[PDB]
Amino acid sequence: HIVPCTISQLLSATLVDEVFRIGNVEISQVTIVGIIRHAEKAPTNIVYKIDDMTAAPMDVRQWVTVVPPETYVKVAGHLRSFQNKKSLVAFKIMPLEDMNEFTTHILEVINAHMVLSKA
């Protein structure tokens, strides 16, 4: 499914033979919620630096209107890595209209990872 995560959790993922795991759980498709600290526009894509406070901000590439820095967004994407640096490739970047969805994400993260920890 799609797992809600913190950036700290994403950084903690192990990569063994083209497969990411947090524990014994394969993860690929994930959501994060965070604030845009930077946006680097190119013709075909945008790279955002997204900060959820759990760690340093992570790079998120979206393939192409740029969301302004200091905006909270929810990101749906896939975890990727290159030379041991993790980042996301987003299929959705959604500025939050309701900031309560940010709070809700915290709770969804905690619940999702509890459940997965037993499997």
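All residue numbers refer to positions in the sequence shown, first residue = 1.
Chemist: Scan the PDB entry between residue 64 and residue 65 and report the missing deposited residues as one of none, 1 to 3, 4 to 9, 10 or more.
Modeler: Gap size class: 4 to 9 residues without coordinates, per the record.
Chemist: Tell me which of 104-112 and 21-29 has the higher mean C-alpha B-factor in the deposited entry.
Modeler: That would be 21-29.
Chemist: If you average the CA temperature factors as listed in the entry, which stretch comes out higher, 69-77 or 35-43?
Modeler: Looking at the recorded C-alpha B-factors, 35-43 comes out higher on average.
Chemist: So where's residue 3 on the chain's Cα temperature factor ranking, which third?
Modeler: Its C-alpha B-factor, which the entry lists for residue 3, ranks in the middle third among residues of this chain.
Chemist: In terms of the CA temperature factor given in the entry, to which third of its chain does residue 87 belong: lowest, middle or highest?
Modeler: According to the entry, residue 87 has a C-alpha B-factor in the chain's middle third.
Chemist: Sort the modelled residues of this chain by their C-alpha B factor and say whether residue 16 lands in the lowest, middle or highest third.
Modeler: Highest third, going by the recorded CA B-factors of the chain.
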